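Accompanying notes for the structure given below.
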Ligand SMILES: Cc1nc([C@@H](NC(=O)c2ccc(-c3ccc(Cl)cc3)[nH]2)[C@H]2CCCCN2)sc1CO
Ligand SMILES: *[C@@H]1O[C@H](CO)[C@@H](O)[C@H](O)[C@H]1NC(C)=O
Ligand SMILES: *[C@@H]1O[C@H](CO)[C@@H](O)[C@H](O)[C@H]1NC(C)=O
Ligand SMILES: *[C@@H]1O[C@H](CO)[C@@H](O)[C@H](O)[C@H]1NC(C)=O
Ligand SMILES: *[C@@H]1O[C@H](CO)[C@@H](O)[C@H](O)[C@H]1NC(C)=O
Ligand SMILES: *[C@@H]1O[C@H](CO)[C@@H](O)[C@H](O)[C@H]1NC(C)=O
Ligand SMILES: *[C@@H]1O[C@H](CO)[C@@H](O)[C@H](O)[C@H]1NC(C)=O
Ligand SMILES: *[C@@H]1O[C@H](CO)[C@@H](O)[C@H](O)[C@H]1NC(C)=O
Ligand SMILES: *[C@@H]1O[C@H](CO)[C@@H](O)[C@H](O)[C@H]1NC(C)=O
Ligand SMILES: *[C@@H]1O[C@H](CO)[C@@H](O)[C@H](O)[C@H]1NC(C)=O
């Protein structure tokens, strides 16, 4: 006795009110305390359809992250709507915390428990929950960081796998640590991410093998981004308030597809805002060692559509649509109004 519907969700977290960290600060006034003992009810013989690509939960999380970033990450110079704006741009404490999304009274969240669910279609194993799992609003491109892993086999997620214009979401089942560091001491913007080539090249081959199963045994080739802004041509992310730009060619160039893979990184001040508000400029990198060790739990790829009768299918690290990042975690939920 329920139907698919959209409504105003609310967030919950374990943020500290005393902290100056931006995520904790935002969650303190925007979210409520997390439920100590949340309940989950498995619906008997209930089957439901899901669509991670058409989920209002994604838009709502998007609006929250945009709100947090607009309040916390303000640039020195801004350019939006043909208006140059100067303002204060002090360094901040930045480190994403788990955010839960819940439904109000008269509404519930359906959770797909199919251990091989790809994001779209029917789900045989469904359960009822008030909130989602703790999701860190990590903004990045190409690589999904600090997210959840696929329980069983690797999963390929796409709204339309044949459409080369539709982005693909790779859900890894084994995290590959990416250790990025801007050493205390030849540019201050020069950084690097270390990835164990053995762990990575093994996972990438598995990703290569499963893609073949989706494209009828066609040859899978990984190549660097064909073009576009640096935000999508390179693995971009925020580390301690700094915008890291790392070349991932050594990751997506077929050589071992065995030691330490060192990716060249740049800490850029001039950036294109993912909010779509234009470009912005921030102050130089902070002093001391800047380190961010993350778990590579997902991969954003874009397939070339210049091959019809060929025996090859080329894939490149894509993204840009940050809403895809929320989709990689909000694929297994959907809001329904109880009747
Ligand atoms: C109106 C509009 N213009 C956009 C340009 N792309 C970006 O602004 C962008 C993508 C990724 C990031 C980024 C930055 C920092 C971090 Cl830490 C992580 C990610 N910024 C497109 C527009 C078309 C030519 C190519 N660029 S997107 C957009 C909708 O929001
Ligand atoms: C359904 O999902 C729940 C939670 O993930 C799990 O405990 C249960 O074993 C699943 N049922 C089947 C038949 O796999
Ligand atoms: C990464 O995953 C490991 C387990 O493989 C875990 O111990 C660690 O806390 C994770 N780090 C994150 C999520 O930042
Ligand atoms: C991850 O999935 C692949 C199939 O894509 C499988 O071969 C591998 O064993 C899985 N890893 C784990 C830890 O289950
Ligand atoms: C996802 O699963 C549904 C249902 O099995 C199927 O119709 C769809 O083609 C699948 N898509 C991908 C990308 O696997
Ligand atoms: C998926 O993309 C292909 C390629 O453009 C297209 O022919 C097909 O109609 C698309 N599927 C849907 C359901 O629109
Ligand atoms: C990351 O790499 C640095 C070297 O720049 C090293 O000192 C540090 O211990 C590494 N961290 C992890 C978690 O491996
Ligand atoms: C990354 O480096 C490779 C080789 O060093 C180069 O071919 C490629 O163009 C670089 N990518 C970007 C986005 O600069
Ligand atoms: C990569 O992982 C293996 C274990 O799988 C380990 O023995 C090796 O030392 C790691 N590489 C580096 C550079 O530490
Ligand atoms: C992932 O989590 C770890 C531990 O909280 C943190 O040090 C790291 O900066 C996070 N990665 C990103 C990209 O925020």
Report summary line: Only helices counted: for the chain, with every DSSP H run of 4 or more residues adding -39500 (n - 2.57) and the sum spread over all residues, [θ] at 222 nm is -4500 deg cm²/dmol
Report task. State whether segment 200-339 is rounded, prolate or oblate according to the following rule on the C-alpha gyration tensor (a ≥ b ≥ c being the square roots of its eigenvalues): a/c under 1.5 gives rounded; otherwise a/b larger than b/c gives prolate, and the remaining case gives oblate. Result -> oblate
Query raised in the report: Looking at the square roots a ≥ b ≥ c of the eigenvalues of the Cα gyration tensor of segment 8-80, which shape do they give, rounded for a/c under 1.5, prolate if a/b is larger than b/c, or oblate?
Result: oblate
**Report entry** Distance between modelled label sites at residue 77 and residue 256, nm, 7 Å Cα→Cβ extension
**Finding:** 4.2 nm
Requested in this report: Would you kindly calculate the translational diffusion coefficient of segment 200-258, applying Stokes-Einstein with the Kirkwood radius from alpha carbon pairs, for 20 °C and a viscosity of 1.002 mPa s, and quote it in µm² s⁻¹ without decimals?
Outcome: 163 µm²/s
Report summary line: Computed over the chain, the convex hull of the Cα set has an average projected area, in nm², of 19.2 nm²
Report summary line: Computed from the beta carbon distance with a Förster radius of 45 Å, FRET efficiency for residue 56 and residue 287 to the nearest 0.05 stands at 0.55
Report task. Report the calculated FRET efficiency for residue 217 and residue 41 (r = Cβ-Cβ distance, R0 = 56 Å), to the nearest 0.05. Result -> 0.85
Query - Rg over Rh [alpha-carbon atoms, Kirkwood Rh] for segment 150-268 - result: 0.99
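Bear in mind these aren't lab numbers, they're just calculated from the coordinates by the rules spelled out. With ideal geometry, Cβ positions are generated from the backbone for all residues, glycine too; neighbour counts draw on all protein chains shown.
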